[PDB]
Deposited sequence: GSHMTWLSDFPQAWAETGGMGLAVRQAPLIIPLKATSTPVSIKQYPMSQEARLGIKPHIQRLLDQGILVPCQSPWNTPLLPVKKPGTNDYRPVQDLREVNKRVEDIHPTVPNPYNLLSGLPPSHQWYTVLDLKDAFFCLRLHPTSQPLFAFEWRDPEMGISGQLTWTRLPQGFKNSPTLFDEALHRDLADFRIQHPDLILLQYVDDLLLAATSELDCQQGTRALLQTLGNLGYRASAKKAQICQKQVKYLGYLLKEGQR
């Protein structure tokens, strides 16, 4: 099957990802920023017990590490952990938003290509390492001491754009090696389009091989492979339409 032929490429089989070609990201602060330390509002035991195994899993994976940081933002109860990074986001320098909106992205899909594969990357932001100089920015309290992220975190205002740009760099060669394929990227949502069933097959094989080699991981459960009809970015792609 597709699952057995590409064990590195699927999240179910290849382990947590890590984008090995991408240098750890440095997050520039605005020119006047200083750290902000917001104390953790006490969490109920129910929420803490809900969050705890997620925290432990992330620590086992090296995605969280202990630290001491002059930055601190609160975790809130849902259970799965969500960090209120609004005060960090305010102090981080803005970048240009380069992620295209889905409407315009879909305009680049010609009627000559109607064999589609749709892949979504699992834990996409976590595949991008954070430079140790920027890791203390995202610290939170866990009960005593702080933890922080060694990967690009959820809730950080620039993660979608940074991820989109990093994947574009990692897939630049794939595009050059397959000039007859159409590859649409929307952060962690990918659409490959081909003229024939066969070229979609051989293209999807190359793309999964490439993704897994680069350290990204696609969801086997949700993958729509080599179909004439697929759902992508909330559209149903059926017969040139939408």
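- Item | Ranges of the deposited sequence (numbered from 1) for which no C-alpha atom is modelled | Comparing the full sequence with the modelled residues, the uncovered ranges come out as 1-4, 83-89, 155-160.
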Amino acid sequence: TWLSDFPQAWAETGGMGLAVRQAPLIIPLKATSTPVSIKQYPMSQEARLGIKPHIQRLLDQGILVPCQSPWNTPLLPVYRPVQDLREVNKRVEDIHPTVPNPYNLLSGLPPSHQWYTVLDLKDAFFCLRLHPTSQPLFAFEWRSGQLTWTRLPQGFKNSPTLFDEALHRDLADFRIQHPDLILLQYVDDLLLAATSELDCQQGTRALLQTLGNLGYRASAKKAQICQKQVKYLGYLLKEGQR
From here on, numbers count along this sequence of modelled residues.
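Throughout, rigid core stands for the largest set of C-alpha atoms superposing within 1.5 Å between the two forms.
- Item | Higher-deviation stretch (C-alpha RMS, rigid core fit) in 9 other deposited structures of this protein, choosing from 211-219 and 39-47 | Once the core is superposed, the stretch further away in 9 other deposited structures of this protein is 39-47.
- Item | Stretch with larger C-alpha RMS deviation in 9 other deposited structures of this protein, core superposed, 92-100 versus 130-138 | With the rigid core fitted, 92-100 is the stretch that strays more in 9 other deposited structures of this protein.
- Query: On average, are the C-alpha B-factors higher in 133-141 or in 111-119?
  - Reply: So the stretch with the higher mean C-alpha B-factor is 111-119.
- Given the B-factors recorded for C-alpha atoms, which segment has the greater mean, 66-74 or 48-56? Taking the mean B-factor of the alpha carbons in each, 48-56 is higher.
- Item | Out of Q201, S37, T34, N213, residue topping the C-alpha B-factor column of the entry | It is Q201.
- Query: Within this chain, which third does the Cα B-factor at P153 fall in: lowest, middle or highest?
  - Reply: Middle third - that is where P153 ends up once the chain's C-alpha B-factors are sorted.
- Item | Cα B factor band for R80 (lowest, middle or highest third within the chain) | For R80, the deposited C-alpha B-factor lands in the highest third.
- What third of the chain, by the recorded C-alpha B-factor, contains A124? CA B-factor rank for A124: lowest third.
- Position of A9 among the chain's modelled residues by C-alpha B-factor, lowest, middle or highest third: As the PDB entry reports it, the C-alpha B-factor of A9 lands in the middle third of its chain.
- Query: By the record's CA B-factor, is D188 among the lowest, middle or highest third of residues in the chain?
  - Reply: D188: CA B-factor falls in the lowest third of its chain.
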